[PDB]
Every structure is written in structure tokens, then in C-alpha cells.
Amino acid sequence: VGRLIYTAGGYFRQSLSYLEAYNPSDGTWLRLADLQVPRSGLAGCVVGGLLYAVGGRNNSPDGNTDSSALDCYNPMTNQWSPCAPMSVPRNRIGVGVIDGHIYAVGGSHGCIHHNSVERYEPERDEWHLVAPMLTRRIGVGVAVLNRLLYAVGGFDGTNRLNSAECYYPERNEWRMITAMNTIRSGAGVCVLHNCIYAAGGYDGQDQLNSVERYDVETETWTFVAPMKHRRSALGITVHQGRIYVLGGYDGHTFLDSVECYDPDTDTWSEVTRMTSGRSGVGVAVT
């Protein structure tokens, strides 16, 4: 009884360790087991009903280090269990899942701007690297469609990117797709109805509120209704046919308003507010 939206970690004056869940049907908010380590800039995904916390940059009383950690949360036990860590720390990471395999895309290790991606086999609890991206990307958004991994926007070390690349697992290669109309760093990327949505983000001069979706059929970026709040480093997921944007940062305050986008109406609604404003959260639904 209840498929939930999960928010894990985040930042607000100090990277948080909170794990909270939102039930859209009734609007309730749930406080669950906190992360063993406060983390922000991490990404979230679910494989086999299990929630995974990947990457980010964790708080410590002995430093503020880029985390290569992979942690697994079981809603049934409300208990976090650490898994095998990634080869290298990845902060500002994008993660996409293909057949129960977790793809870690880009991310930063201090000044190192990763272009390498590694995949995780949950059953073996092992990470193995694959082909690296054509471009270095941190703050990149990752989305999987028809068993294809799309990495969009980000920062390559000197430029904020509007380009996107596509990973073909069968060929194990990266192909550059038509770039977005807008440069987006720390934007929200998700898939809905054969379309990759890029929501919000940072273009280099100001946090964005516009949203443009990429139509796989045409392979072209088209603008849709923009969001009511400008946000960057936002959490994003789709839940029962609607896109959900969680929190983010507008350039002034750490936001918490959650906005819902309806494809059929092409309108944004503020469905709820979170317990506390936060940014750089990982988001997943299960």
C-alpha cells in the first residue's frame, strides 16, 4: 500500500543525512532511516526495489571528501547497508540504471572532472568500468531510454555544457546527440513518454526555470512550460505519469517546494513543500 518518492541526503548550510519519502496520493511525508554519512551532490536510483545512494561529497568531522561510496537502503527493513564503492570518487554525479545495473556517469573528484563511467552488478557487488564519455561532465544529468543511457549538460572543467551524449551498451560506445537549446549544469534529467526532460539548472549566468524536452523520435530539443521556481542542483523523478522536481537552489535560498508537471496540460503545480529546504539531493521512486 503505497509507492513512494524518496529524497536522500542534500545540502543546507551543511550536507544532510536525511532520508524522507513522499506519498503523492495522500501528500504525507515520511522520515526514514538516516544515511550513515551526510552527503550532497549524490544521485539516487532504484534496482530491484532497492534504493541506492551513489557518489556525492560527504560531510565528515575529519574532512569534506568526495565520496566514492555506494549505499543500499531496503524500505522493508528501513536499514542502510553499504555496498562496494566505486573505483574513484564522483561528486555531482549522474546515475542511470539498465537491467538492474547501475551506471555511474561523470562526477568530480576535487578538480578532476571525470569523463569515465563505471557499471555496478548488484548480484556480484562489483563495479566494472566501461567506455568513457566523449566529454567530461560534472553536474551532469543521466537518463535511460530504450536501454540507452543519455548524459546531458554538465561542466567539462572550463565550459558549462549544452551537449549530450548517448551510450549504446550493445556497441559500448558513446555518440553525441543534438545539443540542447540551453546550457544546463546541475539540471534535472528524467524520462517520460519517449522523451528526455531537462528541467532547470545553471547556464553560467543565473539559475534556470525553463524546461526543454528531447524527443527521441525527432532527436530535437523543444521547449515546454517552464517551472514556477528557478532551481539548480534539483532532485527529479517521474511518479505515475507526472514529473516531480524536488528542492534545488535558486541562487539565493535553498528551495524545498516540489513542483509537478503534467504532460497533457503542459502546466506546473507546486504539489507540496518539503520538511526543510535543501539542494543536491538524490531522488528515486519505488
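Heads up: residue numbers just count along the shown sequence, starting at 1.
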query: Unresolved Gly63 in a third or more of other entries flanked by modelled residues; finding: yes
query: Mean C-alpha temperature factor, higher of 56-64 and 243-251; finding: 56-64
query: Between the two ranges 212-220 and 110-118, the one averaging a larger CA B factor in the entry; finding: 110-118
query: Given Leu134, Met180, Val97, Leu192, the residue at which the Cα B factor reaches its maximum; finding: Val97
query: Chain third (lowest, middle, highest) by recorded CA B-factor, residue given as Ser87; finding: lowest
query: Chain-wide C-alpha B factor ranking for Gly27, given as lowest, middle or highest third; finding: highest
query: Assigned third (lowest, middle, highest) for the C-alpha B factor of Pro169; finding: middle
query: Assigned third (lowest, middle, highest) for the C-alpha B factor of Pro263; finding: lowest
query: B-factor third for the C-alpha atom of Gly235 within its chain; finding: lowest
